[PDB]
file coords-v2.json (JSON, C-alpha atoms)
[["chain", "number", "residue", "atom", "x", "y", "z"],
["A", 1, "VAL", "CA", 41.45, -19.43, -38.94],
["A", 2, "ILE", "CA", 41.71, -21.58, -42.06],
["A", 3, "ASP", "CA", 43.00, -20.28, -45.37],
["A", 4, "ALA", "CA", 43.42, -22.07, -48.69],
["A", 5, "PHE", "CA", 46.24, -21.19, -51.05],
["A", 6, "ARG", "CA", 47.68, -22.01, -54.45],
["A", 7, "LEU", "CA", 50.77, -20.77, -56.24],
["A", 8, "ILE", "CA", 51.44, -18.22, -58.99],
["A", 9, "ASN", "CA", 53.44, -19.30, -62.03],
["A", 10, "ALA", "CA", 56.81, -17.60, -62.44],
["A", 11, "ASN", "CA", 55.78, -16.58, -65.98],
["A", 12, "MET", "CA", 52.44, -15.15, -64.79],
["A", 13, "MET", "CA", 53.13, -11.94, -62.85],
["A", 14, "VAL", "CA", 56.34, -11.27, -64.80],
["A", 15, "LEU", "CA", 54.84, -11.72, -68.29],
["A", 16, "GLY", "CA", 52.36, -8.89, -67.71],
["A", 17, "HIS", "CA", 49.32, -10.84, -66.52],
["A", 18, "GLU", "CA", 47.28, -10.59, -63.34],
["A", 19, "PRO", "CA", 47.52, -13.71, -61.16],
["A", 20, "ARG", "CA", 43.88, -14.73, -61.49],
["A", 21, "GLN", "CA", 41.11, -13.27, -63.63],
["A", 22, "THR", "CA", 37.90, -11.82, -62.22],
["A", 23, "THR", "CA", 34.52, -12.40, -63.84],
["A", 24, "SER", "CA", 32.28, -12.31, -60.75],
["A", 25, "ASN", "CA", 31.90, -9.97, -57.79],
["A", 26, "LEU", "CA", 32.33, -13.02, -55.53],
["A", 27, "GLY", "CA", 36.10, -12.91, -55.07],
["A", 28, "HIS", "CA", 36.22, -9.54, -53.31],
["A", 29, "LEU", "CA", 33.89, -10.13, -50.36],
["A", 30, "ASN", "CA", 36.70, -11.31, -48.04],
["A", 31, "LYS", "CA", 39.61, -9.08, -47.08],
["A", 32, "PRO", "CA", 43.15, -10.46, -46.66],
["A", 33, "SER", "CA", 45.12, -10.33, -43.43],
["A", 34, "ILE", "CA", 48.32, -8.34, -42.99],
["A", 35, "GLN", "CA", 49.94, -11.43, -41.49],
["A", 36, "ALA", "CA", 49.68, -13.13, -44.88],
["A", 37, "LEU", "CA", 50.38, -9.97, -46.87],
["A", 38, "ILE", "CA", 53.81, -9.66, -45.27],
["A", 39, "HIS", "CA", 54.76, -13.16, -46.42],
["A", 40, "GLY", "CA", 53.33, -12.50, -49.86],
["A", 41, "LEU", "CA", 49.66, -13.42, -50.00],
["A", 42, "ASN", "CA", 49.69, -11.97, -53.53],
["A", 43, "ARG", "CA", 53.24, -12.46, -54.86],
["A", 44, "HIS", "CA", 53.59, -16.26, -54.97],
["A", 45, "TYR", "CA", 50.15, -17.67, -54.12],
["A", 46, "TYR", "CA", 46.41, -16.98, -54.24],
["A", 47, "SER", "CA", 43.81, -17.22, -51.51],
["A", 48, "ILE", "CA", 40.78, -19.32, -52.45],
["A", 49, "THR", "CA", 37.58, -18.85, -50.46],
["A", 50, "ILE", "CA", 36.32, -21.64, -48.20],
["A", 51, "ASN", "CA", 32.49, -21.75, -48.15],
["A", 52, "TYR", "CA", 31.81, -24.68, -45.83],
["A", 53, "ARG", "CA", 29.31, -27.23, -47.12],
["A", 54, "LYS", "CA", 26.82, -28.45, -44.51],
["A", 55, "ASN", "CA", 24.13, -31.04, -45.17],
["A", 56, "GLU", "CA", 20.91, -31.13, -43.17],
["A", 57, "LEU", "CA", 21.88, -34.26, -41.19],
["A", 58, "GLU", "CA", 25.33, -33.20, -40.04],
["A", 59, "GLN", "CA", 23.88, -30.02, -38.55],
["A", 60, "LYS", "CA", 21.38, -32.00, -36.46],
["A", 61, "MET", "CA", 24.00, -34.49, -35.28],
["A", 62, "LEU", "CA", 26.16, -31.56, -34.17],
["A", 63, "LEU", "CA", 23.24, -29.77, -32.50],
["A", 64, "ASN", "CA", 23.04, -32.86, -30.32],
["A", 65, "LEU", "CA", 26.31, -31.67, -28.75],
["A", 66, "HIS", "CA", 24.74, -29.01, -26.55],
["A", 67, "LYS", "CA", 21.08, -29.97, -27.06],
["A", 68, "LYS", "CA", 19.47, -29.56, -23.65],
["A", 69, "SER", "CA", 17.50, -32.48, -22.27],
["A", 70, "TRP", "CA", 13.86, -32.27, -21.33],
["A", 71, "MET", "CA", 15.13, -32.68, -17.78],
["A", 72, "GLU", "CA", 17.09, -29.44, -18.05],
["A", 73, "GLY", "CA", 14.01, -27.83, -19.52],
["A", 74, "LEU", "CA", 11.71, -28.87, -16.68],
["A", 75, "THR", "CA", 14.10, -28.82, -13.69],
["A", 76, "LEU", "CA", 13.81, -26.14, -11.03],
["A", 77, "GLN", "CA", 16.67, -24.03, -9.73],
["A", 78, "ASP", "CA", 18.03, -24.57, -6.23],
["A", 79, "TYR", "CA", 15.76, -22.36, -4.19],
["A", 80, "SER", "CA", 18.48, -21.27, -1.79],
["A", 81, "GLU", "CA", 20.72, -20.07, -4.61],
["A", 82, "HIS", "CA", 17.75, -18.47, -6.34],
["A", 83, "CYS", "CA", 16.84, -16.46, -3.25],
["A", 84, "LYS", "CA", 20.45, -15.38, -2.77],
["A", 85, "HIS", "CA", 20.54, -14.23, -6.40],
["A", 86, "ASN", "CA", 17.27, -12.32, -6.01],
["A", 87, "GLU", "CA", 18.62, -10.60, -2.92],
["A", 88, "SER", "CA", 21.97, -9.67, -4.44],
["A", 89, "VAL", "CA", 20.43, -8.33, -7.63],
["A", 90, "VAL", "CA", 17.78, -6.35, -5.77],
["A", 91, "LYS", "CA", 20.45, -4.75, -3.57],
["A", 92, "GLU", "CA", 22.63, -3.82, -6.54],
["A", 93, "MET", "CA", 19.50, -2.44, -8.20],
["A", 94, "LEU", "CA", 18.79, -0.38, -5.09],
["A", 95, "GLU", "CA", 22.25, 1.15, -5.35],
["A", 96, "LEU", "CA", 21.66, 1.90, -9.02],
["A", 97, "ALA", "CA", 18.28, 3.42, -8.13],
["A", 98, "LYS", "CA", 19.86, 5.82, -5.65],
["A", 99, "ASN", "CA", 22.40, 6.80, -8.29],
["A", 100, "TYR", "CA", 19.56, 7.15, -10.81],
["A", 101, "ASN", "CA", 17.61, 9.51, -8.57],
["A", 102, "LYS", "CA", 20.74, 11.59, -8.13],
["A", 103, "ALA", "CA", 21.38, 11.62, -11.88],
["A", 104, "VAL", "CA", 17.85, 12.62, -12.88],
["A", 105, "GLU", "CA", 17.75, 15.40, -10.29],
["A", 106, "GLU", "CA", 21.18, 16.65, -11.36],
["A", 107, "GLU", "CA", 20.39, 16.61, -15.08],
["A", 108, "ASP", "CA", 17.01, 18.30, -14.64],
["A", 109, "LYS", "CA", 18.68, 20.99, -12.52],
["A", 110, "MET", "CA", 21.69, 21.69, -14.75],
["A", 111, "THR", "CA", 19.58, 21.59, -17.94],
["A", 112, "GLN", "CA", 22.88, 6.96, -18.95],
["A", 113, "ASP", "CA", 24.83, 4.42, -16.89],
["A", 114, "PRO", "CA", 22.30, 4.25, -14.02],
["A", 115, "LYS", "CA", 19.35, 3.81, -16.37],
["A", 116, "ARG", "CA", 21.04, 1.16, -18.53],
["A", 117, "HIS", "CA", 22.32, -0.85, -15.57],
["A", 118, "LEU", "CA", 18.89, -0.64, -13.97],
["A", 119, "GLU", "CA", 17.28, -1.89, -17.19],
["A", 120, "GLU", "CA", 19.59, -4.89, -17.53],
["A", 121, "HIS", "CA", 19.11, -5.80, -13.87],
["A", 122, "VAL", "CA", 15.33, -5.60, -14.12],
["A", 123, "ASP", "CA", 15.53, -7.86, -17.16],
["A", 124, "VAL", "CA", 17.56, -10.49, -15.33],
["A", 125, "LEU", "CA", 15.37, -10.44, -12.22],
["A", 126, "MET", "CA", 12.12, -10.76, -14.13],
["A", 127, "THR", "CA", 13.35, -13.52, -16.42],
["A", 128, "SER", "CA", 14.73, -15.56, -13.53],
["A", 129, "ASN", "CA", 11.66, -15.19, -11.32],
["A", 130, "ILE", "CA", 9.06, -15.85, -14.01],
["A", 131, "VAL", "CA", 10.95, -18.86, -15.35],
["A", 132, "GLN", "CA", 11.32, -20.50, -11.95],
["A", 133, "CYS", "CA", 7.76, -19.73, -10.89],
["A", 134, "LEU", "CA", 6.27, -21.18, -14.06],
["A", 135, "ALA", "CA", 8.48, -24.26, -13.82],
["A", 136, "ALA", "CA", 7.24, -24.72, -10.26],
["A", 137, "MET", "CA", 3.58, -24.57, -11.23],
["A", 138, "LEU", "CA", 4.12, -26.84, -14.23],
["A", 139, "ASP", "CA", 5.74, -29.44, -12.01],
["A", 140, "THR", "CA", 3.06, -29.17, -9.32],
["A", 141, "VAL", "CA", 0.48, -30.04, -11.97],
["A", 142, "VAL", "CA", 2.43, -32.53, -14.10],
["A", 143, "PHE", "CA", 3.77, -34.73, -11.28],
["A", 144, "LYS", "CA", 0.44, -35.13, -9.45],
["B", 1, "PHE", "CA", -43.88, 13.60, -12.58],
["B", 2, "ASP", "CA", -43.96, 14.71, -16.23],
["B", 3, "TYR", "CA", -46.72, 17.19, -17.09],
["B", 4, "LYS", "CA", -46.16, 19.12, -13.89],
["B", 5, "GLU", "CA", -46.79, 22.66, -15.11],
["B", 6, "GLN", "CA", -49.97, 21.81, -17.00],
["B", 7, "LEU", "CA", -51.40, 19.22, -14.64],
["B", 8, "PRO", "CA", -53.26, 20.53, -11.58],
["B", 9, "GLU", "CA", -52.12, 19.17, -8.25],
["B", 10, "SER", "CA", -53.87, 15.86, -7.53],
["B", 11, "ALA", "CA", -54.41, 15.35, -3.81],
["B", 12, "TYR", "CA", -55.47, 11.79, -4.72],
["B", 13, "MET", "CA", -51.93, 10.93, -5.84],
["B", 14, "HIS", "CA", -49.69, 10.30, -2.84],
["B", 15, "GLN", "CA", -51.82, 7.27, -1.99],
["B", 16, "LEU", "CA", -50.92, 5.43, -5.18],
["B", 17, "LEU", "CA", -47.37, 6.77, -5.10],
["B", 18, "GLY", "CA", -46.66, 5.44, -1.61],
["B", 19, "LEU", "CA", -48.51, 2.25, -2.48],
["B", 20, "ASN", "CA", -46.04, 1.87, -5.35],
["B", 21, "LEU", "CA", -43.18, 2.38, -2.91],
["B", 22, "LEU", "CA", -44.70, -0.34, -0.74],
["B", 23, "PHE", "CA", -44.88, -2.60, -3.78],
["B", 24, "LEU", "CA", -41.20, -2.07, -4.50],
["B", 25, "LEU", "CA", -40.32, -2.95, -0.92],
["B", 26, "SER", "CA", -42.60, -5.97, -1.25],
["B", 27, "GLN", "CA", -40.64, -7.25, -4.23],
["B", 28, "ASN", "CA", -37.34, -6.39, -2.58],
["B", 29, "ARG", "CA", -36.44, -3.81, -5.24],
["B", 30, "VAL", "CA", -34.49, -1.57, -2.90],
["B", 31, "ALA", "CA", -32.53, 0.09, -5.70],
["B", 32, "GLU", "CA", -35.66, 1.20, -7.54],
["B", 33, "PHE", "CA", -37.22, 2.10, -4.20],
["B", 34, "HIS", "CA", -34.53, 4.62, -3.39],
["B", 35, "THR", "CA", -34.49, 5.92, -6.96],
["B", 36, "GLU", "CA", -38.20, 6.76, -6.71],
["B", 37, "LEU", "CA", -37.72, 8.27, -3.26],
["B", 38, "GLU", "CA", -35.08, 10.54, -4.76],
["B", 39, "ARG", "CA", -37.52, 11.43, -7.54],
["B", 40, "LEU", "CA", -40.03, 12.47, -4.89],
["B", 41, "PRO", "CA", -39.69, 15.97, -3.39],
["B", 42, "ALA", "CA", -37.85, 16.43, -0.12],
["B", 43, "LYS", "CA", -40.66, 17.62, 2.16],
["B", 44, "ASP", "CA", -43.06, 14.79, 1.34],
["B", 45, "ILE", "CA", -40.66, 12.30, 2.93],
["B", 46, "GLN", "CA", -41.20, 13.89, 6.35],
["B", 47, "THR", "CA", -44.63, 15.53, 6.01],
["B", 48, "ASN", "CA", -47.11, 13.18, 4.34],
["B", 49, "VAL", "CA", -48.26, 10.01, 6.08],
["B", 50, "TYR", "CA", -49.03, 7.99, 2.95],
["B", 51, "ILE", "CA", -45.38, 8.20, 1.90],
["B", 52, "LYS", "CA", -43.85, 8.32, 5.38],
["B", 53, "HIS", "CA", -45.23, 4.90, 6.26],
["B", 54, "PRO", "CA", -43.52, 3.01, 3.37],
["B", 55, "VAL", "CA", -40.42, 5.09, 4.06],
["B", 56, "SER", "CA", -40.62, 4.05, 7.70],
["B", 57, "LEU", "CA", -41.00, 0.39, 6.77],
["B", 58, "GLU", "CA", -37.98, 0.46, 4.47],
["B", 59, "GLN", "CA", -35.87, 2.30, 7.03],
["B", 60, "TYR", "CA", -36.75, -0.25, 9.69],
["B", 61, "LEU", "CA", -36.12, -3.17, 7.34],
["B", 62, "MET", "CA", -32.68, -1.88, 6.42],
["B", 63, "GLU", "CA", -31.76, -1.21, 10.06],
["B", 64, "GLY", "CA", -32.86, -4.73, 11.01],
["B", 65, "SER", "CA", -35.68, -3.88, 13.43],
["B", 66, "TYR", "CA", -37.88, -6.60, 11.99],
["B", 67, "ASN", "CA", -39.97, -6.46, 15.14],
["B", 68, "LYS", "CA", -40.84, -2.84, 14.39],
["B", 69, "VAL", "CA", -41.53, -3.81, 10.78],
["B", 70, "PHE", "CA", -44.05, -6.38, 12.00],
["B", 71, "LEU", "CA", -45.59, -4.09, 14.62],
["B", 72, "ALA", "CA", -46.19, -1.55, 11.86],
["B", 73, "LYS", "CA", -48.78, -3.93, 10.39],
["B", 74, "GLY", "CA", -51.66, -2.33, 12.26],
["B", 75, "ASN", "CA", -50.38, 1.14, 11.39],
["B", 76, "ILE", "CA", -51.55, 1.67, 7.80],
["B", 77, "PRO", "CA", -52.70, 5.11, 6.58],
["B", 78, "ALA", "CA", -55.25, 3.61, 4.17],
["B", 79, "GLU", "CA", -56.60, 0.10, 3.68],
["B", 80, "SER", "CA", -55.45, 0.26, 0.06],
["B", 81, "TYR", "CA", -51.99, -0.63, 1.39],
["B", 82, "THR", "CA", -52.97, -4.30, 1.29],
["B", 83, "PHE", "CA", -51.59, -7.52, -0.21],
["B", 84, "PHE", "CA", -48.25, -5.75, -0.35],
["B", 85, "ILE", "CA", -48.04, -5.95, 3.42],
["B", 86, "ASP", "CA", -48.53, -9.68, 2.87],
["B", 87, "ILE", "CA", -45.96, -9.96, 0.09],
["B", 88, "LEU", "CA", -43.73, -7.88, 2.39],
["B", 89, "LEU", "CA", -44.11, -10.38, 5.21],
["B", 90, "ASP", "CA", -43.16, -13.12, 2.76],
["B", 91, "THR", "CA", -40.11, -11.17, 1.57],
["B", 92, "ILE", "CA", -39.14, -10.40, 5.18],
["B", 93, "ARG", "CA", -39.22, -14.10, 5.93],
["B", 94, "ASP", "CA", -36.99, -14.70, 2.92],
["B", 95, "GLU", "CA", -34.52, -12.05, 4.10],
["B", 96, "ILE", "CA", -34.49, -13.47, 7.63],
["B", 97, "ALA", "CA", -33.65, -16.77, 6.00],
["B", 98, "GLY", "CA", -30.85, -15.15, 4.00],
["B", 99, "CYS", "CA", -29.39, -13.99, 7.29],
["B", 100, "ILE", "CA", -29.80, -17.39, 8.94],
["B", 101, "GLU", "CA", -28.10, -19.45, 6.24],
["B", 102, "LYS", "CA", -25.38, -16.90, 5.53],
["B", 103, "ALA", "CA", -24.19, -16.36, 9.12],
["B", 104, "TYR", "CA", -25.19, -18.75, 11.89],
["B", 105, "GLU", "CA", -23.92, -22.08, 13.16],
["B", 106, "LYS", "CA", -27.08, -24.04, 13.98],
["B", 107, "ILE", "CA", -30.58, -23.13, 15.15],
["B", 108, "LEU", "CA", -32.71, -25.70, 16.96],
["B", 109, "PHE", "CA", -36.41, -26.19, 16.26],
["B", 110, "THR", "CA", -37.79, -24.07, 19.10],
["B", 111, "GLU", "CA", -35.39, -21.22, 18.40],
["B", 112, "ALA", "CA", -36.13, -21.37, 14.67],
["B", 113, "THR", "CA", -39.83, -21.04, 15.47],
["B", 114, "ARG", "CA", -39.06, -18.15, 17.82],
["B", 115, "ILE", "CA", -36.85, -16.27, 15.35],
["B", 116, "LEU", "CA", -38.58, -16.91, 12.03],
["B", 117, "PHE", "CA", -42.12, -15.74, 12.66],
["B", 118, "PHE", "CA", -43.48, -18.85, 10.94],
["B", 119, "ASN", "CA", -47.13, -19.81, 10.55],
["B", 120, "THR", "CA", -48.79, -21.94, 13.24],
["B", 121, "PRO", "CA", -46.36, -24.46, 14.80],
["B", 122, "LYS", "CA", -47.76, -27.31, 12.68],
["B", 123, "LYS", "CA", -46.87, -25.44, 9.48],
["B", 124, "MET", "CA", -43.66, -24.19, 11.16],
["B", 125, "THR", "CA", -42.12, -26.90, 8.98],
["B", 126, "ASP", "CA", -42.67, -24.29, 6.26],
["B", 127, "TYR", "CA", -39.58, -22.72, 4.64],
["B", 128, "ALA", "CA", -37.79, -25.96, 5.49],
["B", 129, "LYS", "CA", -40.26, -27.83, 3.34],
["B", 130, "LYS", "CA", -39.55, -25.00, 0.87],
["B", 131, "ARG", "CA", -35.95, -23.79, 1.12],
["B", 132, "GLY", "CA", -34.51, -26.81, 2.90],
["B", 133, "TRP", "CA", -31.06, -25.79, 4.13],
["B", 134, "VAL", "CA", -30.01, -29.47, 4.11],
["B", 135, "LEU", "CA", -31.91, -29.71, 7.39],
["B", 136, "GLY", "CA", -32.13, -32.93, 9.36],
["B", 137, "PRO", "CA", -28.91, -33.65, 11.25],
["B", 138, "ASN", "CA", -29.51, -34.62, 14.87],
["B", 139, "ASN", "CA", -32.55, -32.49, 15.63],
["B", 140, "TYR", "CA", -34.47, -31.88, 12.41],
["B", 141, "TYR", "CA", -33.67, -28.19, 12.94],
["B", 142, "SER", "CA", -29.91, -28.56, 13.09],
["B", 143, "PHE", "CA", -29.70, -26.03, 10.24],
["B", 144, "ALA", "CA", -26.92, -28.10, 8.63],
["B", 145, "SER", "CA", -24.52, -25.15, 8.71],
["B", 146, "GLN", "CA", -23.99, -23.90, 5.15],
["B", 147, "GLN", "CA", -20.49, -22.60, 5.85],
["B", 148, "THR", "CA", -5.85, -25.57, 0.17],
["B", 149, "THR", "CA", -5.01, -26.90, -3.31],
["B", 150, "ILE", "CA", -2.57, -24.95, -5.44],
["B", 151, "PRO", "CA", -4.30, -23.25, -8.39],
["B", 152, "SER", "CA", -1.42, -24.28, -10.60],
["B", 153, "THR", "CA", -3.30, -23.81, -13.86],
["B", 154, "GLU", "CA", -4.45, -20.28, -13.07],
["B", 155, "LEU", "CA", -1.04, -19.22, -11.76],
["B", 156, "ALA", "CA", 0.54, -20.60, -14.91],
["B", 157, "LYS", "CA", -1.90, -18.60, -17.01],
["B", 158, "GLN", "CA", -1.07, -15.39, -15.16],
["B", 159, "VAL", "CA", 2.70, -15.88, -15.26],
["B", 160, "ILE", "CA", 2.58, -16.71, -18.96],
["B", 161, "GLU", "CA", 0.59, -13.50, -19.36],
["B", 162, "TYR", "CA", 3.38, -11.53, -17.68],
["B", 163, "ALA", "CA", 5.89, -13.15, -20.01],
["B", 164, "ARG", "CA", 3.72, -12.44, -23.03],
["B", 165, "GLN", "CA", 3.35, -8.74, -22.30],
["B", 166, "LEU", "CA", 7.05, -8.48, -21.47],
["B", 167, "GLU", "CA", 8.34, -10.23, -24.60],
["B", 168, "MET", "CA", 5.90, -8.92, -27.21],
["B", 169, "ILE", "CA", 7.34, -6.00, -29.18],
["B", 170, "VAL", "CA", 5.50, -2.76, -28.41]]

call {"tool": "encode", "arguments": {"input": "coords-v2.json", "output": "structure tokens"}}
result
Amino acid sequence: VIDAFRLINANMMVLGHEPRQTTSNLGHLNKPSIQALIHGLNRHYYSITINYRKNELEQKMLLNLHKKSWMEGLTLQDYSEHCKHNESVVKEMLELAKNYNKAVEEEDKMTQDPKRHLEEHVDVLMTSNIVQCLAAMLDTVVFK
Amino acid sequence: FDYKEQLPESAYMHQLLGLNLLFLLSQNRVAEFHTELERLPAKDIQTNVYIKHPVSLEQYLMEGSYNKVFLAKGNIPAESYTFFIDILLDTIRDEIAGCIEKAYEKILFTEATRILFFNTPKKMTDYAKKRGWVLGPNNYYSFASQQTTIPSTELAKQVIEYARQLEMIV
């Protein structure tokens, strides 16, 4: 939340002139905030756009902040925790599957949340398992 | 088999037909053998002798009664059935081999001679001078029985394949 401002001359809005001319469609792509309107975002001062200027080197140096090391790329997940996660997700998915059976039967008889939850849970299980399994094989080959 | 309606029945036919069946058995072409048997009419399999004999030989050879196969040598409907009996003995020896090297542990010299109906004992060395199942250990007929590492690369291929078909848009 950064906003830039500049004033309006006392003989500008009282002499019958708009505060700031408009020759390009650029100055109307950002909407003002009621917080500033109340205090007069358009009675005593402007609001100039920001448009941050980023080189190509600063962006890389900042990417280094969370850049993950090759270690984190190639390191396995604690197998105990992984198995516990598999088990918990498969149980929750079983519950959602029972609810899904009930829902499909009910809807087909009388003429969703279970399906969507089941889809997200299948996604998480498959991504976790495939990632860890491939990391395991890669290590078994690379470190011997 | 083709010009059946026009052609008159040729009593001098089953001889060559069964001799062909014998030839197929001789060159171990069991698939073609049974295809031609199917082509033949049903009754001839059980009535005629010229065809029954090759049928009998194949049936015995598939059962495994190689002793009956050998004993059938004297029983030949016509002397024309010759030189294919000999190629059939050779092929039978090859099949007996197949058995021996696929599923045994070790056969000594005397027992090899007893089982494989080799030529005279002096040439009994035959089929070891020819096939040579790495023979030699201890007794020359030790038969050298012709009977654990993660396949990481192949498993990686398959798992990457799962990922590929799961992430590709379709």

call {"tool": "closest_atom_pairs", "arguments": {"input": "coords-v2.json", "of": "chain B", "to": "chain A", "cutoff": "7 Å", "atoms": "all atoms listed in the file", "output": "Markdown table"}}
result
| residue | atom | partner | partner_atom | distance |
| --- | --- | --- | --- | --- |
| B:152 | CA | A:137 | CA | 5.0 |
| B:156 | CA | A:134 | CA | 5.8 |
| B:159 | CA | A:130 | CA | 6.5 |

call {"tool": "write_last_selection", "arguments": {"input": "coords-v2.json", "atoms": "C-alpha atoms", "output": "tab-separated table (two decimals), in the frame of the given file"}}
result
chain	number	residue	atom	x	y	z
B	152	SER	CA	-1.42	-24.28	-10.60
B	156	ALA	CA	0.54	-20.60	-14.91
B	159	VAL	CA	2.70	-15.88	-15.26

call {"tool": "closest_residue", "arguments": {"input": "coords-v2.json", "among": "B:125, B:120, B:76, B:140", "to": "residue 108 (chain B)", "atoms": "all atoms listed in the file"}}
result
B:140

call {"tool": "residues_around", "arguments": {"input": "coords-v2.json", "residues": "residue 102 (chain B)", "least_positions_apart": "6", "cutoff": "12 Å", "atoms": "only C-alpha atoms", "output": "JSON, numbers by chain"}}
result
{"B": [95, 96, 133, 143, 144, 145, 146, 147]}

call {"tool": "write_last_selection", "arguments": {"input": "coords-v2.json", "atoms": "C-alpha atoms", "output": "short mmCIF file (atom, residue, chain, number, x, y, z; two decimals), in the coordinates of the input"}}
result
data_model
loop_
_atom_site.label_atom_id
_atom_site.label_comp_id
_atom_site.auth_asym_id
_atom_site.auth_seq_id
_atom_site.Cartn_x
_atom_site.Cartn_y
_atom_site.Cartn_z
CA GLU B 95 -34.52 -12.05 4.10
CA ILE B 96 -34.49 -13.47 7.63
CA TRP B 133 -31.06 -25.79 4.13
CA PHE B 143 -29.70 -26.03 10.24
CA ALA B 144 -26.92 -28.10 8.63
CA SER B 145 -24.52 -25.15 8.71
CA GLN B 146 -23.99 -23.90 5.15
CA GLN B 147 -20.49 -22.60 5.85
#

call {"tool": "atom_distance", "arguments": {"input": "coords-v2.json", "atom1": "CA of residue 93 (chain B)", "atom2": "CA of residue 116 (chain B)"}}
result
6.7 Å

call {"tool": "closest_residue", "arguments": {"input": "coords-v2.json", "among": "A:128, A:111, A:49, A:64", "to": "residue 85 (chain A)", "atoms": "only C-alpha atoms"}}
result
A:128

call {"tool": "closest_residue", "arguments": {"input": "coords-v2.json", "among": "B:34, B:14, B:157, B:68", "to": "residue 81 (chain B)", "atoms": "only C-alpha atoms"}}
result
B:14

call {"tool": "residues_around", "arguments": {"input": "coords-v2.json", "residues": "residue 50 (chain B)", "least_positions_apart": "2", "cutoff": "8 Å", "atoms": "all atoms listed in the file", "output": "PyMOL selection string"}}
result
chain B and resi 14-15+18-19+48+52-54+77-78

call {"tool": "residues_around", "arguments": {"input": "coords-v2.json", "residues": "residue 42 (chain A)", "least_positions_apart": "4", "cutoff": "10 Å", "atoms": "all atoms listed in the file", "output": "NGL selection string"}}
result
:A and (7-8 or 13 or 19 or 32 or 36-38 or 46-47)

call {"tool": "atom_distance", "arguments": {"input": "coords-v2.json", "atom1": "CA of residue 90 (chain A)", "atom2": "CA of residue 118 (chain A)"}}
result
10.1 Å

call {"tool": "atom_distance", "arguments": {"input": "coords-v2.json", "atom1": "CA of residue 82 (chain A)", "atom2": "CA of residue 170 (chain B)"}}
result
29.7 Å

call {"tool": "axis_aligned_box", "arguments": {"input": "coords-v2.json", "around": "region 99-118 of chain B", "padding_each_side": "4 Å", "output": "lines of an AutoDock Vina configuration file"}}
result
center_x = -33.7
center_y = -20.1
center_z = 12.3
size_x = 27.6
size_y = 20.2
size_z = 21.6

call {"tool": "closest_residue", "arguments": {"input": "coords-v2.json", "among": "B:104, B:1, B:75, B:153", "to": "residue 49 (chain B)", "atoms": "all atoms listed in the file"}}
result
B:75

call {"tool": "closest_residue", "arguments": {"input": "coords-v2.json", "among": "B:109, B:8, B:92, B:45", "to": "residue 122 (chain B)", "atoms": "all atoms listed in the file"}}
result
B:109

call {"tool": "closest_residue", "arguments": {"input": "coords-v2.json", "among": "A:14, A:57, A:97, A:125", "to": "residue 44 (chain A)", "atoms": "only C-alpha atoms"}}
result
A:14

call {"tool": "residues_around", "arguments": {"input": "coords-v2.json", "residues": "residue 88 (chain A)", "least_positions_apart": "5", "cutoff": "12 Å", "atoms": "all atoms listed in the file", "output": "PyMOL selection string"}}
result
chain A and resi 81-83+93-95+121+124-125

call {"tool": "decode", "arguments": {"input": "coords-v2.json", "residues": "region 28-35 of chain B", "atoms": "N, CA, C and O atoms", "output": "tab-separated table (two decimals), in the first residue's frame"}}
result
chain	number	residue	atom	x	y	z
B	28	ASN	N	9.55	-80.37	-36.72
B	28	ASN	CA	9.06	-79.72	-35.51
B	28	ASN	C	8.11	-78.56	-35.78
B	28	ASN	O	8.08	-77.59	-35.02
B	29	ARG	N	7.34	-78.65	-36.85
B	29	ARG	CA	6.38	-77.60	-37.20
B	29	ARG	C	4.99	-78.01	-36.69
B	29	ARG	O	4.08	-78.32	-37.45
B	30	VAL	N	4.86	-77.99	-35.37
B	30	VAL	CA	3.64	-78.50	-34.75
B	30	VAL	C	2.44	-77.64	-35.12
B	30	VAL	O	1.33	-78.14	-35.32
B	31	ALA	N	2.64	-76.32	-35.21
B	31	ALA	CA	1.54	-75.44	-35.57
B	31	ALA	C	0.98	-75.80	-36.94
B	31	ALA	O	-0.23	-76.04	-37.09
B	32	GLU	N	1.85	-75.86	-37.94
B	32	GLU	CA	1.39	-76.24	-39.27
B	32	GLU	C	0.82	-77.65	-39.26
B	32	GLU	O	-0.14	-77.94	-39.99
B	33	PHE	N	1.40	-78.53	-38.45
B	33	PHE	CA	0.91	-79.90	-38.39
B	33	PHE	C	-0.56	-79.92	-38.01
B	33	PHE	O	-1.39	-80.55	-38.68
B	34	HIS	N	-0.90	-79.22	-36.94
B	34	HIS	CA	-2.29	-79.23	-36.49
B	34	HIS	C	-3.19	-78.46	-37.44
B	34	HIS	O	-4.36	-78.82	-37.60
B	35	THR	N	-2.66	-77.43	-38.11
B	35	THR	CA	-3.47	-76.75	-39.11
B	35	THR	C	-3.87	-77.69	-40.24
B	35	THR	O	-5.04	-77.72	-40.66
